[PDB]
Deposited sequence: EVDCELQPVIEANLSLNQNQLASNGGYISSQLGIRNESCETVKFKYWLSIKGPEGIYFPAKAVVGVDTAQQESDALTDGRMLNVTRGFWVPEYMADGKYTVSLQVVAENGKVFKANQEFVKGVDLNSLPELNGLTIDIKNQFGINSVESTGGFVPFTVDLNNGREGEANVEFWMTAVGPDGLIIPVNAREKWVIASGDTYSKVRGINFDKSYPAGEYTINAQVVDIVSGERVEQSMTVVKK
């Protein structure tokens, strides 16, 4: 019905930021013509959300839409990982999204880290959705202390979902991790049948309580 595609000309910025040029493709492939609205937005660390392209309505009367849109990422924005999202909502309510990530001030293919303490938190089996009748999704957590000295860390997780829900996934834990050691666990969330349908962001936070620096890791699961 609609196929959305997003390409970024570049994916890695230095700490001072820079310019990213986006190529947007929206294809109406089906037999019927289609009306939709679309826009381009960015999500980043520290609760940053910002627009790159305003809401525009399109009636494919179908064609193929190709648009280039760039945006500046200023130095003041936090170093870390950002997600650019081309979003389309069709007249019938169907939602289509094409996302791409860029990083600022950190390496694209490295684990997030707090000055030598690396944070490896993953959706263990890559389960991106669960049935409306319920399902369970396990996550792996590995905090590896690559420093010469000990790391004093705090860790927790919530599920930020529909209807303003913020569901606890992992209570606040505190660990003193020796040099060279790793804190490892697997933690799952059971999505009970009663939880509302929609998108949940599994939000993991790790803090070095000595430096006071905090790193967040966000992972999406949809309940159908």
| item | value |
| --- | --- |
| Unmodelled ranges, which are counted on the deposited sequence from position 1 and given in order | 1-8, 70-78 |
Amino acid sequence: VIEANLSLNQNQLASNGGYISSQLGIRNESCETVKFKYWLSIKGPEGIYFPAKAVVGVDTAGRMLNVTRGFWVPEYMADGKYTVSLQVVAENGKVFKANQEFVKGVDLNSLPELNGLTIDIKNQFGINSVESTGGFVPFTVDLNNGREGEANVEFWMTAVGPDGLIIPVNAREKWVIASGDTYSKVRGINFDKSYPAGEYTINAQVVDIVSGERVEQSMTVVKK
From here on, numbers count along this sequence of modelled residues.
| property | result |
| --- | --- |
| Between the two ranges 104-112 and 90-98, the one averaging a larger CA B factor in the entry | 104-112 |
| 199-207 set against 5-13, stretch whose average Cα temperature factor tops the other in the entry | 5-13 |
| Among 176, 157, 40, 56 - the residue whose C-alpha B-factor is largest in the record | 56 |
| Out of 35, 193, 187, 172, highest CA B-factor residue | 35 |
| Where the record places residue 131 (Cα B-factor, split into thirds across the chain) | middle |
| Residue 52, C-alpha B-factor rank within chain (lowest, middle or highest third) | middle |
| CA B-factor ranking of residue 180, expressed as a third of its chain | highest |
| Entry-reported Cα temperature factor of residue 164, expressed as the chain third it lands in | lowest |
| B-factor third for the C-alpha atom of residue 120 within its chain | lowest |
